[PDB]
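Please read the structure below before turning to the comments.
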Amino acid sequence: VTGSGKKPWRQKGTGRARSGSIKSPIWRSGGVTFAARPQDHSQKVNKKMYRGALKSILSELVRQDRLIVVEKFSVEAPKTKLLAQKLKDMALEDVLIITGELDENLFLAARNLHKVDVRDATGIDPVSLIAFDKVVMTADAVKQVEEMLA
Amino acid sequence: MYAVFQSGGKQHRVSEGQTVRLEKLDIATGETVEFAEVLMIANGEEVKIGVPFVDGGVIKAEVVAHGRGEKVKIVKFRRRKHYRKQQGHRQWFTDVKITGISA
Amino acid sequence: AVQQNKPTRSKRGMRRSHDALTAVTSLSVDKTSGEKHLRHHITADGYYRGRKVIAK
Amino acid sequence: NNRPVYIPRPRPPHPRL
Amino acid sequence: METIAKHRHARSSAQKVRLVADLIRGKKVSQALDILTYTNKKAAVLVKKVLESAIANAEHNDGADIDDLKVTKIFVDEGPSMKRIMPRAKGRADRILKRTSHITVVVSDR
Amino acid sequence: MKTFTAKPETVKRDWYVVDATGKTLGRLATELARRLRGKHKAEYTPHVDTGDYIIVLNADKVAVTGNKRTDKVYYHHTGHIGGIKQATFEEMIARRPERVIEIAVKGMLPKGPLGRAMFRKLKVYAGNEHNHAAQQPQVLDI
Amino acid sequence: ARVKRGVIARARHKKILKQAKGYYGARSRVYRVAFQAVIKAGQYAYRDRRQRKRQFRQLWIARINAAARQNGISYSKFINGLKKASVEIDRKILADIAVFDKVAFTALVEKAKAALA
RNA sequence: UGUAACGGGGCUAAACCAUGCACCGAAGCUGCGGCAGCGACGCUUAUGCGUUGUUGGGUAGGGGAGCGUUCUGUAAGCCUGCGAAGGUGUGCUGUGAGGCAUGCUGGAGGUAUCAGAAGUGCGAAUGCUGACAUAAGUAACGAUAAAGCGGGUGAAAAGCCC
RNA sequence: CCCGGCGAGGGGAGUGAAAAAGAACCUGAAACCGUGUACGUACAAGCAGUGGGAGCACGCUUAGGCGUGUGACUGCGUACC
């Protein structure tokens, strides 16, 4: 804290409490007894534990029929309107599209759709699977999952 | 025209057709209850209990309410000994109206 | 020389009970001009006992 | 509100020895 | 009617003015006016001016016939205080409070 | 239900006459305190003055056993540098015979506003005559 | 994540001051003094929940003793007679009967006297 | 300092000794209602118990279980200008910290449930800052070189001008 | 527009959804200081409360009490850290 180490007043004779510095934490305008510092909150998770949780999550999605497997999922042109129509007739509004190969055409179509996400099998995280109401996996996307999950 | 009877460990003097509050009883709110433990019955003529609980005296009473009493705050504090404690209590009670007093 | 405990507002008011002012409630009316004035005092315009005394 | 910049220096009238 | 009238930020202390206020509380305006005229206090002329204003407000903005008016309510409230530094002996300093007050007078015909 | 409490307005107080001739001071005084407190009534209430008015006659004829007639001493302080004054039983009787009986009752009653109130019921006279015949003061033998 | 305690602190102080309502002076206005007053009232309330039972017991005995003596028997004798006669009426009813029903009490003392004799 | 060596009144039994029968007397014991811990058994088996016995004063200290506040996800969901937060009363509710509904002011934000992280709870430290009391309408108004009157101006003159 | 000292301050009028939003200006808590109403208090001794409790003033159904406020009198009771 900006200031000086000079004692505000003498140790004895003054009728008020002993003080040592203007920057003491019990003083106005300067203090904070335990000041925070920039810290890393990331924690270690074992590889097997990460895989086990991912396997556990996928199984339960299948059990709650929240996971739908279909053939290749693609859009002819990079238009959000087309993607909205394709998801409308399927009665899906909050979906996570997982495809084996990432194509810019599908990536751009879903960019402006908040409730819709497009992802690759490699870039799969537990939070996304849990958060999204429905998960749609392509045939290719499914295959890569077992290979990486093993 | 009043009688004395023992209900919940404490005796009550109740006249005909009056409501008396007494400890909780295992009786539903819409059923009559019997008090055959009549300590004393008083009228124009006086009858006492040569043996406790008269001979055939009974009291007919109907349950009305099964509420809880006013909240009581219990405070325990030890001076200078760094010990304070708080508690609350609401005593269960049963309201019953006397319907009939026998002889 | 100095207090050991601060007196309450009750004691403060009790001490102040004798500080109330009193109204004159004794305003006399001049014989001639009929102007209210303090007894045994000249009026504002300069009258006393009827006859003008200031002439100013 | 403001600490008196000057603190008077007292004396020991009563040695109390 | 209400016909209130107040004078805010009077320099006089609330305590000192409050003695004058108690004199005329509940009295008719005619008796209140000459009571203040012959009261030897600075607060007397402050309160009298407020009372004159209240009567004028009633006469102009409200019904006439100010003869039957009474001072139903009158109270003095402490106002903002000005802090001043006054040197004392041995280099010490002390705070002088210039206390103000709000004088409120309410007159009505009923 | 709630225990009965006497209401001061609806209290009946009787008048009695006690002859204090040839009666032990303390034993007479003890009885008077009981009547003045109202403890003899079934509606007695500690915080209500349920007692009865008592007239005591022939105060100067009270009797004391033993040498108390000469050894009993009444001390009172005047609140001054050395103002401690003592009077024997004879001196009190000669000066004010009624005061000794009042002093005895005073100490046999509770201290406080209610205690003073019930003490005011007692009316001690030195002679055999009283001017309270308008109160129908029935004779009390005790 | 700085936390301001203005709202919570004001709630706690209001709760104590509400419980201190009716006390004299700073005991009903100032929290530091009100808290002590409220705590002391709590101790007294706990203590007097037990003194009340004995205080009323003393009052009933005094009432019975006055009524019994008026009938010509001491309290201790009267209670002993009831125990001998196998009467389970407690002091609360006995005092209540004496105040209201004089005839009923007269029967009780008569019953007690018979049992003693 | 004042009786002042029964707590007092007062007592010749209301003192002392011996015997006896009564009664008063605690938060002790019993009766009635309610809560919680621990060990068993008849049975429920992540929990009630038709049950059973017992325990529940407590500082230093150890163990267990919870309330509330700010922020993150759930949450572009939900409540909200026919009224959010905050403020101020009232009425219910839980063994507790608390919670719920609502009157008036307020004027646009708040946040269920379940998890996550803490600048997470103040009555004291001759604590720090601001505000406001007390003494108190009291002391004081700063050289004991000294003022008085007339007129003028002014809303007002012992202090200004003549 | 009016009171006032061609003041300060205020009461009307008008602006505005709102002027107890008037620049001393969002919300406006506490200490502290006031006016009004109900009850209590000038023969009574002490941590100012607690238990019991009459009377009085307000409201409620019933006509007896229930609530709210106050609280004479009385038992016990020497703050916190």
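Any value given below was found using the heavy atoms of this structure, including those in side chains, with hydrogens, waters and symmetry copies removed. In what follows, chains are A, B, ... by sequence order, proteins preceding strands, each numbered from 1.
Note on F/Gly112: only backbone sugar-phosphate atoms sit closer than 4.0 angstrom, heavy atoms only; bases stay farther off. A/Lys115 comes within contact range of the sugar-phosphate backbone alone, with a heavy-atom separation under 4.0 Å but no base atom that close. Across all strands shown, F/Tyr75 has heavy atoms under 4.0 Å from base atoms, whether or not it also approaches the sugar-phosphate. Among the atoms of the strands shown, only primed sugar atoms or phosphate atoms (P, OP1, OP2) are found under 4.0 Å from some heavy atom of F/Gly82. In this structure, F/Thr5 reaches the sugar-phosphate backbone alone: every heavy-atom distance under 4.0 Å involves primed, P, OP1 or OP2 atoms, never a base. Within the nucleic acid shown, A/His41 has no heavy atom closer than 4.0 Å to any nucleic acid atom. Nucleic acid contact for F/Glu9: sugar-phosphate only, since backbone atoms but no base atoms lie under 4.0 Å from a heavy atom of the residue. As judged by a 4.0 angstrom heavy-atom cut-off over every strand, F/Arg120 is placed among residues making no nucleic acid contact. Backbone-only engagement by F/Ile81 is indicated by non-hydrogen atom pairs under 4.0 Å involving sugar-phosphate atoms exclusively. Base contact: G/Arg32 has a heavy atom under 4.0 Å from a base atom. Among the heavy atoms of the strands lying under 4.0 Å from E/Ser13 is at least one base atom, whether or not backbone atoms are also near.
Shown here, H/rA26 forms no base pair; nothing in the strands shown gives a Watson-Crick or G-U wobble contact with both key distances under 3.5 Å. Base pairing annotation: H/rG66 forms no Watson-Crick or G-U wobble pair, as no partner gives both donor-acceptor distances under 3.5 Å. Using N1 to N3 plus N6-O4 or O6-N4 for Watson-Crick, or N1-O2 and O6-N3 for G-U wobble, each under 3.5 Å, I/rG46 pairs with nothing. Applying the Watson-Crick and G-U wobble criteria (two distances, each under 3.5 Å), H/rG89 pairs with H/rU102. For H/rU52, the paired base is H/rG39 (Watson-Crick or G-U wobble, both distances below 3.5 Å). In a base pair of the Watson-Crick type (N1 to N3 plus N6-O4 or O6-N4) or a G-U wobble (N1-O2 and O6-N3), with each distance short of 3.5 Å, I/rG65 is matched with I/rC60. Of all nucleotides present, only H/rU72 satisfies the Watson-Crick or G-U wobble test against H/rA115, with each distance under 3.5 Å.
Per the stacking criterion (ring centres < 5.5 Å, plane angle < 30°), E/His7 does not stack onto the base of I/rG9. Using a 5.5 Å limit on the distance between ring centres and a 30° limit on the angle between planes, the aromatic ring of G/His13 does not count as stacked on the six-membered base ring of I/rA30.
The aromatic rings of A/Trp27 and A/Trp9 sit tilted, their planes meeting at an angle between 30° and 60°.
Comparing G/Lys77 and G/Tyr31 by the nucleotide of RNA chain H whose heavy atom lies nearest to each, the residue mapping closer to the 5' end is G/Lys77. Residue whose closest nucleotide on RNA chain H sits further toward the 5' end, between B/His89 and G/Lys21: B/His89.
Within the 4.0 Å cut-off from OP1 or OP2 of I/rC80, at least one side-chain nitrogen or oxygen of B/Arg79 is found. Between C/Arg15 and H/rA135, a side-chain N or O to OP1/OP2 separation shorter than 4.0 Å is present. In this structure, G/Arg12 reaches the H/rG98 phosphate: one of its side-chain N or O atoms is under 4.0 Å from OP1 or OP2. Taking side-chain N and O atoms only, C/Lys56 has a distance below 4.0 Å to OP1 or OP2 of H/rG151.
Of all the residues in residues 50-58 of chain G, G/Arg50, G/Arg54, G/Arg57 reach under 4.0 Å from RNA chain H with at least one non-hydrogen atom. Contacts between residues 33-44 of chain G and RNA chain H, defined by a heavy-atom separation under 4.0 Å, are made by G/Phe35, G/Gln36.
In H/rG81 the base sits syn relative to the sugar, since the glycosidic angle is no further than 90° from 0. In this entry the base of I/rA63 is syn relative to its sugar, with a glycosidic angle within 90° of 0.
If you check H/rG34, H/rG119, H/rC11 against the side chain of B/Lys24, the one that comes closest is H/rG34.
Here F/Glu43 does not pair with G/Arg63 in a salt bridge; the nearest charged N to carboxylate O distance is not below 4.0 Å.
Per the geometry, CD belonging to F/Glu31 stands 15 Å off P belonging to H/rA14, to the nearest Å.
Using a 3.5 Å distance cut-off with no hydrogens or angles, the side chains of B/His66 and B/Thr94 do pair a donor with an acceptor.
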